[PDB]
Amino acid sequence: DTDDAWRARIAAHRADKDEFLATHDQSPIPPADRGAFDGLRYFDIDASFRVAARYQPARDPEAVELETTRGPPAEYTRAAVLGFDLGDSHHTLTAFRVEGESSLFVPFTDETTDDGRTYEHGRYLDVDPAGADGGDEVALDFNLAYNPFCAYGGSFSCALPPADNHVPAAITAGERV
C-alpha cells in the first residue's frame, strides 16, 4: 500500500523481465541481438502516471477485431471504457477482453509515440477488471506500459491499437525505445 512497496514491485518486475529476455530460450529478443542485450530501456518511475480510472463496462460486449502486423486480424471482445485524468485533461481508452486471460488488454499510443521516444506502433497495458457487480474504479499504472514483441525485431504478429486509443499527452512512464 506504500509508495516504497509500489516502487519495489515495479523494480522487481523490470529486473525479472530483463533476466528472462536475456537468458531464456523463449525470449522474444532475436538470437542475433541476445548477445549484446543489456536490458530494456524505461522511463524512471513517475507517480503522476499511476492514476485512478473510472471503469465503464461495455453494456453489450461486442466482438471486435484489431489489425495485426502479420497475418489475420486478432479477435477480441470490447470490454470497457476507462476514463482518467492526466494533468488537467480527461482521456478515455477502450479495454479489450482476450479469450482465456483475466486481465483486460489496453493497447494505446500517445505523444511519445509521435516524437519517437516510444515504440512507433504503440504500447500495451494490462488492467485488472473491477468487481463484477458492479465495479467502477480501477488502477491504471502507465509505469507498467510495455512493448509488443515486434518492437524487439522478431517475426511476431502483434495487435495494433485502435486510432481511438491515442492519448494526446506525453506518457513518460513505462518502457521506451
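One-based numbering along the sequence shown.
Stretches 45-53 and 116-124 differ in mean C-alpha B factor, with the higher average recorded for 45-53.
Just going by the entry, 80-88 versus 93-101 on mean CA temperature factor gives the higher value to 80-88. As recorded in the PDB entry, 135 shows the highest C-alpha B-factor of the residues 39, 148, 135, 28. Per the PDB record, 163 has a higher Cα B-factor than any other of 21, 163, 167, 158. Sorting the modelled residues of the chain by their CA temperature factor places residue 130 in the highest third.
Among the modelled residues of its chain, residue 62 has a C-alpha B-factor that falls in the highest third, as given in the PDB entry.
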